[PDB]
Every structure is written in structure tokens, then in C-alpha cells.
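Enquirer:
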Ligand SMILES: *[C@@H]1O[C@H](CO[C@@H]2O[C@@H](C)[C@@H](O)[C@@H](O)[C@@H]2O)[C@@H](O[C@@H]2O[C@H](CO)[C@@H](O[C@@H]3O[C@H](CO[C@H]4O[C@H](CO)[C@@H](O)[C@H](O[C@H]5O[C@H](CO)[C@@H](O)[C@H](O)[C@@H]5O)[C@@H]4O[C@H]4O[C@H](CO)[C@@H](O)[C@H](O)[C@@H]4O)[C@@H](O)[C@H](O[C@H]4O[C@H](CO)[C@@H](O)[C@H](O[C@H]5O[C@H](CO)[C@@H](O)[C@H](O)[C@@H]5O)[C@@H]4O)[C@@H]3O)[C@H](O)[C@H]2NC(C)=O)[C@H](O)[C@H]1NC(C)=O
Ligand SMILES: *[C@@H]1O[C@H](CO)[C@@H](O[C@@H]2O[C@H](CO)[C@@H](O)[C@H](O)[C@H]2NC(C)=O)[C@H](O)[C@H]1NC(C)=O
Ligand SMILES: *[C@@H]1O[C@H](CO)[C@@H](O[C@@H]2O[C@H](CO)[C@@H](O)[C@H](O)[C@H]2NC(C)=O)[C@H](O)[C@H]1NC(C)=O
Ligand SMILES: *[C@@H]1O[C@H](CO)[C@@H](O)[C@H](O)[C@H]1NC(C)=O
Ligand SMILES: *[C@@H]1O[C@H](CO)[C@@H](O)[C@H](O)[C@H]1NC(C)=O
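Chains as they are written, first to last, in the deposited numbering: chain A, 963 to 1012; chain B, 217 to 239, 244 to 663; chain C, 416 to 465; chain D, 267 to 316; chain E, 1 to 120; chain F, 714 to 763; chain G, 168 to 216; chain H, 1 to 106.
#1: Applying a beta-carbon distance threshold of less than 8 Å, which residues of chain H neighbour residue 459 of chain B?
#2: Compare the beta carbon distance of residue 595 of chain B and residue 638 of chain B with 8 Å and say whether it is the shorter of the two.
#3: Between which two residues does the alpha helix (DSSP H) holding residue 170 of chain G run?
#4: Relative to chain J, which residues along the region 425-446 of chain C have a C-beta separation below 7 Å, given in chain order?
#5: Taking residue 387 of chain B and residue 502 of chain B to be in contact with their CB atoms under 8 Å, please state how far apart those CB atoms are, rounded to whole angstroms.
#6: Give the DSSP bridge partners of residue 123 of chain E, in chain order.
#7: Under 7 Å, CB to CB, which of the residues in the region 32-64 of chain E have a partner in chain H?
#8: What does the shell around ligand 5 hold, if a residue joins when its beta-carbon is under 5 Å from any heavy atom?
#9: In three-state terms, what does DSSP make of residue 240 of chain B?
#10: What are the residues in the region 40-52 of chain H lying within 7 Å of chain E by C-beta distance?
#11: Give the secondary structure of residue 722 of chain F by DSSP, where H, G and I count as helix, E and B as strand, and everything else as coil.
#12: Look up residue 595 of chain B in the DSSP assignment and say whether it is helix, strand or coil.
#13: Tell me the rounded alpha-carbon separation between residue 1002 of chain A and residue 753 of chain F.
#14: Report the neighbours of residue 102 of chain E on chain B: residues whose CB is nearer than 7 Å to its CB, in chain order.
#15: Which residues mark the beginning and the end of the alpha helix (DSSP H) in which residue 993 of chain A is found?
#16: Is the CB-CB distance between residue 90 of chain E and residue 118 of chain E below 8 Å?
#17: If I'm right that residue 35 of chain E touches residue 103 of chain E with Cβ under 8 Å, what's the distance once you round it to whole angstroms?
#18: Leaving aside the five residues before and after residue 288 of chain B along the sequence, list all residues of the same chain whose C-beta is less than 8 Å from its C-beta, in chain order.
#19: Please list, in chain order, all residues of the same chain as residue 28 of chain E whose beta carbon is under 6 Å from its beta carbon, the five residues on each side excluded.
#20: With distances taken from CA atoms, which of B/428, B/469, B/446 and B/452 is nearest residue 485 of chain B?
#21: Kindly indicate the opening and closing residues of the alpha helix (DSSP H) around residue 428 of chain B.
#22: Could you give the distance in angstroms between the alpha-carbon of residue 451 of chain C and the alpha-carbon of residue 220 of chain B?
#23: So, residue 51 of chain H versus residue 66 of chain H, is the Cβ gap smaller than 8 Å?
#24: Find the residues of chain B that neighbour residue 721 of chain F, judging by a C-beta separation of less than 8 Å, and give them in chain order.
#25: Along chain B, in chain order, which residues have C-beta atoms closer than 9 Å to that of residue 298 of chain D?
#26: So that I know if they touch, is there some Cβ in chain B lying closer than 8 Å to that of residue 34 of chain H?
#27: Between residue 521 of chain B and residue 750 of chain F, what straight-line distance do the alpha-carbon atoms span, to the nearest angstrom?
#28: In the DSSP assignment, find the alpha helix (DSSP H) that holds residue 757 of chain F and state where it starts and stops.
#29: Taking all protein chains shown into account, do 16 or more other C-beta atoms lie within 10 angstroms of the C-beta of residue 585 of chain B, making it buried, or fewer, making it exposed?
#30: Less than 7 Å separating the Cβ of residue 324 of chain B from some heavy atom of ligand 1?
#31: Helix, strand or coil for residue 640 of chain B, going by three-state DSSP, please let me know.
#32: Do the region 341-352 of chain B and the region 369-379 of chain B meet, that is, are 3 or more Cβ pairs less than 8 Å apart?
#33: With a 10 Å radius around its C-beta and 16 neighbouring C-beta atoms as the bar for buried, classify residue 6 of chain H as buried or exposed.
#34: What are the start and end residues of the alpha helix (DSSP H) that includes residue 282 of chain B?
#35: Please go through the same chain and pick out, in chain order, the residues whose beta-carbon is closer than 8 Å to the beta-carbon of residue 106 of chain H, but skip the five residues on each side of it.
#36: For ligand 4, I want to know if residue 447 of chain B counts as a neighbour, meaning its beta carbon is within less than 7 Å of at least one of the ligand's heavy atoms.
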């Protein structure tokens, strides 16, 4: 942004936005995968407690 | 309804109402009003006949934001997260070093004679300030090429050194002075690296560099057992034989590896001599010597401000630090390549950088039918900063109407505005965090 | 913008050897026009704004 | 070091254990089997058969 | 920083020679132009000439014969002498460093304290 | 862990020029925040159940 | 500055280290220093130029 | 050869109101005029070197403008310390010429 004019900057900005969107998507997806296998253990724990 | 769409094409700043009056002159009872419009987000409800019957205005207190966000006219219970919040910066800091000499670039550009391309000369320029805006909007130059940086912005940058390289080029071979070119000049006479950063200039000189009889003072090396590496030079003149063994002319296959040349005044456009200058900008992370003209300011510690220490820009909270830089280090970096601290150019103080406060805001409400009361939770912030930013309208989003009353309370998850603390315990209705619980209850 | 732009050369009737001097353009103003605005005011101008 | 001074290095190509330390970003490894990189064979000659 | 300081005689008889010297401290003669200027009393400035490193020298397009200028890298000094001196030549004389930006002539950025000289 | 993320600082940070480009993708990270907030609420439910 | 010349009967008391590199027409020089008292050996150690 | 003139020959002003001086030249130049200040019994100083560029350390209130044959120096918020004579010089051509100057009278 400091050493390039906006018509030149936006071409790279599109690329950086694409990459970072993709990496957030991957993180959140795997986070939903993990949540389920922890939930099943919490349910077994509550069963053993009861 | 829309009566007219009129193509007048003028700008209107003021207006006058026209009245009527009658017989001596007298007046009759009449009243009228005025108001102004603001650019705002509205929600509209259409009836089955296609007619509007209601609206809400999203910026008129937080509950309007809750209704706008959920696309409803009724909300039932709970805590809802609508949008971020942040603080707007309040000022500007500019902190270039102090330099008092003027760059003598004319000692290179206005030189009476240039060198032969095979042995180009390099000169260093430092500890001076000058403007580039002259050569940008001037027509004297036949071509302007800049890499890595746009020529419009050269006046906002500081460089540790400039190196100027100068030589004469023949005709259209100006095309060869670029990264990745190939040919007799691009491989034997001169060579530019892959990651070049600078600007290339050229202008036509037939007036003094050529004549009808011709000038024969220039040479170029077309024969060599190997191409040069970036910015190499070889000024050796010896007999050459393709076998790679010494010999002496006029014996068999003995030559001179560089060719004498001359220009003519009647050369065509592809042939006249040109002068070329290459400027290479050294962005070394050390104290800068050459800078563009800017006025500086004092520092403004402990406040959210724009800062421009030395070609680096952002917003943050400046504070003193306990870093210990080595005499050859001017910047510090964290993981993810973020700048973390800087050496003040004027006094060599060491200053930290940190971001202006940010976070999420969420709205607590009882049922809309029961009441229109709300409480606002600002997550993970000390109330002092948000109160000192609500006042004097430094926060955003900015409600048109709201107030922080005397009810302010601090929690580990952040602090609540508009909720009254109670020294009694009950069962939870809405959990907030860290043990703090909320409910809607009699005073 | 949405439309088409056209132009053609008119040296035959719009120019002459002595010159035609019937046209004018405004190079000084305290502020740039907004889209499709017009200003046909002719007055003395001083950079002080008085 | 905390004062900004280098105190140690490792060289990743000087025996496999250097590759294990370089890969895990550590100076200590505790047990087990760790997969670091592929392997392959470089070709030894050329055949042309027009 | 640099300091220019100059010295010379105060009075010159008619049809005689005047000469001045100006000298540097804090730095040394290397890559900049050096210039002699005079101001007649109550009147606008005049440029007599400038010389730079490696001896190359420039003078007024008139009075070409009225002066020659010399520079010595040794002892950080330069000097001029006037072929003839008359009453009307009285002025304050200045030595100054000229810096060249891009093209044309140099801007005189650092000025010597100057001295007043006359004829009688 | 019950971690949370802010879309605009990570993807676009300080700049406004990039936010006017991220606008072209619409609601996406907002349903992302909706998801990651659901995971956060679930962790609290798991502990209260056990 | 001022540099002496003298001869000493005793064993070497100084160890001086350098590095030289060439890239892009620039030559890079580094330096260090370490006091040592050894005879005809390059002593094991770590030092940062 | 460029010849130079400056107008008017004299001005006077009271504290707190701006004034402007103008110098004119016989043929076109571009961004080649410098502004000099002189005080009684002292050497000149450089205020503006570019067409409209403050020399380093010149107070922020000084400014100027011009192109072609017309240029003007604007002095704003004048203080008694600003009492001086002012000159404009052009370096575009080989011969060097300074203007006749203007006396500003208290
Ligand atoms: C930065 O670089 C610039 C550019 O220089 C470039 O590089 C050099 C190597 C050459 O290639 C240049 O051509 C090139 O531009 C440099 O500027 C040069 O400085 C030179 C001196 O250092 C300077 O040389 C002098 O030029 C004088 C001519 O000046 C032109 O303009 C003035 C206007 O004031 C006029 O004199 C004249 O034009 C006007 O008047 C004419 C009639 O009088 C008429 O044509 C018009 O009315 C017009 O208005 C003159 O025209 C010249 O400029 C034209 C562009 O406008 C060109 O077509 C062409 O060049 C034309 O000639 C000369 O008078 C002066 O000659 C005097 O000294 C000579 C050497 O001593 C001598 O031969 C002469 O004759 C007698 O004089 C002596 C007595 O003492 C003895 O020598 C002898 O007895 C002789 O009989 C003259 O006295 C001299 O050649 C050169 O012109 C400029 N370049 C320009 C202005 O473009 C900068 O200096 C450099 N920086 C630094 C710090 O040095
Ligand atoms: C708008 O819709 C309303 C009902 O949603 C319409 O009201 C009824 O229209 C019928 C048409 O035959 C009448 O017989 C009823 O008497 C109306 N009920 C009322 C007025 O309470 C209404 O007509 C619609 N608007 C228009 C312009 O037709
Ligand atoms: C490098 O860090 C070390 C400790 O991590 C510093 O050592 C101590 O510094 C304090 C400074 O007040 C002294 O009082 C202690 O005596 C030091 N402890 C020692 C030497 O064992 C050390 O000072 C730092 N380096 C520099 C150059 O300050
Ligand atoms: C800048 O000026 C300040 C005070 O005027 C001074 O302390 C400092 O030394 C100057 N900068 C340099 C690089 O000397
Ligand atoms: C070039 O452009 C700048 C833009 O600010 C302008 O001020 C200047 O007068 C122009 N011409 C020059 C530098 O010759």
C-alpha cells in the first residue's frame, strides 16, 4: 500500500484475500471435526459419573 | 410517491419559501417546518397489496441493531452478537531524521562526458534531500521505467544510499537494459539482477554525441568465454583466440575481443546514440541518509495515533521500552513479520508499538414484548478506555441517542454498561462469563 | 457511466488560417465540479477568495 | 537469547538427527518414529532414439 | 557544518590590483562549487564568477579581463585577483558554496561573512 | 479451547481499501462467527452436563 | 591510530576470525575476536561474527 | 539572455495582515527561481529553492507560487522579525542574475 499505486496494488490484494479466506475455511472445518469427538467423550464421562 | 425526476443540472445550497399576502398589508395564520437527511440504513416492510406499512432505523439505539441483524420485529430472549467495535485514531506523528544538504545529482546528470559502456562508472550519493517530482512530469526523457516502486510516490520514502550508474548505449539497444534481456550487450557489456529495484532513464543526444564525419571514441566487447554475473566488470584488453590459448596477431585466429564503433549524424531513429542512467535504491534497514522533504512533529505517547516514523505507516499506541538494540539494528520484528519496535531517529529512543483497542459487542435483552430494556457487553476491555472514547465521540459504532449512566460494572470477560450490580445470588437465566450471571428482575 | 462516446475531426469548418477565437474554457475554480454539474458564472477572480 | 544475541545453531544436513531437530523446531525429542521427508533416485544417463 | 572565513587588504589605489582569499573549516574542498559575489552599496547583488574542484572556472560574460580566479586543494583555500580597481568597484565581497540540483546553475546555500573594501 | 476470531483484522487489518474488496463476498465470515460461537457455547454445556 | 611492532617469546595470545563473501558486486566482510593461549592448535568453540 | 525586474520598489504593512511581492522576467522559465532574505549587515539566507518548496528549517508560514513569466511570494501572519529585503534569482540559464530587490518598510 505504501510503495504501489492502487490500480497496481489491487491485483495482489485479490490474491492475499483469496489465500487467507481459504486458510480460515480449513481451520474452522477441522475445528468442527474435533468438537464431535470431544462431545462423545463428554457423554461417556457423564455416563460413568451417573 | 415520486412525482418528478427533473434534469436541472445545477447545485443548490440555499432556498427561499414564497408566501402570499393581502390588504394596508396584512398576514394570515400559517406554519411550516424543515428538516435534514442523513445517510442511514433502513428496513422496509411491504404489505400484501405492495404497500409499505412500517420501518425501523438501525442506528437509533442498539435494539434497532438487534432487530435489523435478525430480520425480525420481535426477539424473545438471550445474548446476541451483532458487530465488532474499535477506536478511531486522534492524531498524526511524523519523525523523519534531520538533514540539511541538497543532493548534487546534477554532478552525474549534467556531466560533460560519459564513459564507454564496457567500463561503466558508479557514484554514491548520501546525506542529502531532494525532490524527484521534477523528472516525473517533465518531457525531456524519451523513456521512463520504474520497478518495485511507482514513480508517483518516490517523495514519501527514505533510502540509505543511492547508486548512480552511467554509460552510453547505441540506438535501440535501450531495449536490452532490462531484467531478463539477452544479447551482446545484456550478456557481455552489462547485466542486471533478477530482483532489480530502481528506475531506468534515457534521452537522445544527437546534438553533441554525433557528427557528419562521425565520432569513433566508443567500444564494446562482443567476444568472451563466459557471460558476466550481475554488475560484474572486465576491463581487460588482450589478444583472443577461440581455442582458449594465447596467440599474437596477425597469426591464425587471433582477434581483439572488443569492437570499435562510431555514430553518424544521419543515423536513423534506431541508430542515434543515447545516454542512460540507472538509479538503484538501497532500502537497507539502517539509518537513512537520503529522504524526501517533509515537516516533522513532536511525539504523542499513550494515545491512538497515526504514525510515520520512517516510511513505515500504521496506527498504534506508542510507549517507552526496555529493548537493547545493537548499533547496527534499527527495527525489531515478531513472528508473522509484524513490526514490534522502532528506534526514534531524532533521539535514538526505543519505542514499542501496540494496536488500538478492538473487540466484539453483544446485546443482552429480555423479551421484546415484556420490555424494551437492553444491556451492552464490551468484551475484554477495561472500561476506562471505552468511557473515554464514548465521550467526545471517539468510538464506533456511534448511536444517535444513548448514554452511559452511573451504572458501569467490570467483569473478567469485559465490562457491562447499563446493568446494576447486586450483592445477592440467584439461579442463572443468562450466563455472561467468569461467574457473572444476569437476569431481568425487580429493583 | 453507461453510454457511448463519439468524436470526429472538423478542420474543414471549425478552423481557418487567421484562426477562429469564439471558444473558451474555465481553468480556475476553488473546487472541482460534481458529476454533470455546470457553472456559467463570469466574475473577477483572486486567489485570496475575496 | 533474551538480550538479542545468538547462542547456538544446528546444521540440518549433518546426519539425520539434525533433520529431526530441524523439522520439529526443538532442541530435544523424547521418543517415537517421525516422518520427515520423501526420498528418490537421481537419473544416471540419457537415451535418444529418433 | 562548514565555516567560510575570508581576509584581505582594505584599501587599493587606483589602477592597482585587489586580491582576496577565503578559506574552509569543518570540511575540505572536494565536490562542490565555490563562488565570489559582490554587493555595491545600497544596490542589488552581482555575480563575479565561480570555480569548482579540478580547476574549472566560470566568470561573468562581461568584465572577463577584470578578474582571474584560482583554487588550491592544499590548505583549503581559493583566491581571486582583479586586473584593475576603481572607486566604483567598492562593495562588500562574499565567498559562497554553490550546489547544483539537476540542470542549469547552482544555488548558493552557505555564505561567507563578507568584508567591505574601498578605494581612495 | 473455546477460541474466537475477528474477520476484518486478520484478512484486512488496518486498511480500508482491502475491506471494500472483501465486501464482494458477502455474509461468509459472519456465518463463520456464528459457527465458532456455537462451538463455544457447546463447551460450556459439556462441563455443566458432566 | 598507532600500531606497535615487537617480538614476544611466549606462545600466541590472540585468535582473530573473518569471513568473506561476494554477491551482486558487493564484498561482505565480518570480524570477531577471542583471547586464547594455545600452541599450534585451532581450539574448539563457538563465536559469532 | 534573461533579464529580470521586480515590483513594486517599496511596500509597507502593519502586523497580522498578509502581503505579496512579485518579480517578472522577459522569457519563459520553469521552477528556476529562488527567494533570498537579507537583514541589515548580515549575509542572505535561502527560503524557497523550488518553484514552491520550503528550504529546510524555514518557518511553515512562508510560501510562494508561479510559473512562466510570473511568480509571487506570499508572507502571512507577519511579525516584526520578518523585516528584511527580499530578492529572487533564476538559475535556468547560464548567466546568473539577481533581481533588483524590494525594500519592505516597517
Ligand atoms: C551543465 O550543463 C549545461 C549544458 O551544457 C551542455 O554540455 C556541453 C558539453 C555542451 O554540449 C553544451 O552545448 C550543452 O548544452 C551547461 O550549460 C552550458 O554552459 C556553457 C559554459 O559553461 C555554455 O557555453 C557558453 O555558451 C554561450 C552561449 O549562450 C547561449 O545562450 C545565451 C543566452 O543568454 C546567448 O549567449 C546565446 O543565445 C542568445 O543570443 C544569441 C546571440 O547572442 C542568439 O542566438 C539568441 O538571441 C539567443 O537568445 C547562446 O546561444 C547558445 O545556446 C543555444 C540554445 O539556446 C544553442 O543553440 C547554442 O549552444 C548557442 O551557441 C556562449 O556565448 C559562450 O561562448 C563564450 O565563451 C566561449 C568559450 O570561452 C567563446 O568561444 C565565445 O567567443 C569569444 O569569447 C572569448 C573572450 O573571452 C574567447 O573564447 C574568444 O576570444 C572568443 O572569440 C564566448 O565568449 C559559451 O560557449 C553553454 O552554452 C551552456 N549550455 C546551454 C546554455 O545550453 C552548464 O554550464 C553545466 N553546469 C555547470 C555548473 O557548468
Ligand atoms: C389491501 O388488502 C386488503 C386486505 O388485506 C383489502 O381489503 C379488503 O378488500 C376486499 C376486496 O374485495 C374488500 O371486499 C374488503 O372489504 C376489504 N377489507 C377491508 C377494507 O377491511 C384491500 O382492498 C386491499 N387494497 C386495495 C386497494 O384493494
Ligand atoms: C544479558 O542478560 C543477562 C541475564 O539474562 C544479563 O545479566 C545480568 O544483568 C544484570 C543487569 O543489571 C546484572 O546486574 C547481573 O549481574 C547480570 N547477571 C550475570 C552477568 O550473571 C546481562 O546484563 C545481559 N547483557 C547485557 C549486555 O546487559
Ligand atoms: C536533530 O536535531 C536535534 C535537535 O535539534 C539534535 O539533537 C540531533 O542531533 C539532530 N540529528 C542528528 C542526526 O544529529
Ligand atoms: C510537477 O507536479 C507537481 C505536483 O505537485 C507540481 O507541484 C509541479 O509544479 C510540477 N512541475 C514541476 C515539478 O516542474
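Built from N, CA and C at the ideal position, the CB exists for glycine as well.
Expert: Put simply:
#1: The contacting residues do not exist; residue 459 of chain B stays about 47 Å from chain H at best.
#2: yes
#3: No alpha helix (DSSP H) contains residue 170 of chain G, which DSSP labels as neither H nor E.
#4: The chain labelled as chain J is not found among the protein chains of the depicted structure, namely A, B, C, D, E, F, G and H.
#5: Incorrect: roughly 20 Å between the Cβ atoms, too far for contact.
#6: Shown here, chain E extends from 1 to 120; a query on residue 123 of chain E therefore has no answer.
#7: 44, 45, 47 and 61
#8: B/353, B/354, B/357 and H/31
#9: Between 239 and 244, chain B has no modelled residues, which means residue 240 of chain B does not appear in the coordinates.
#10: 43, 44, 46 and 49
#11: helix
#12: strand
#13: 16 Å
#14: 325, 326, 329 and 354
#15: 968-1011
#16: yes
#17: Rounded, the Cβ-Cβ distance is 18 Å, inconsistent with contact.
#18: 261, 263, 276 and 278
#19: 76
#20: B/428
#21: 426-429
#22: 19 Å
#23: yes
#24: 304
#25: None at all; the shortest Cβ gap to chain B is about 27 Å.
#26: no
#27: 36 Å
#28: 741-762
#29: buried
#30: no
#31: coil
#32: yes
#33: buried
#34: 282-290
#35: 12, 80 and 83
#36: no
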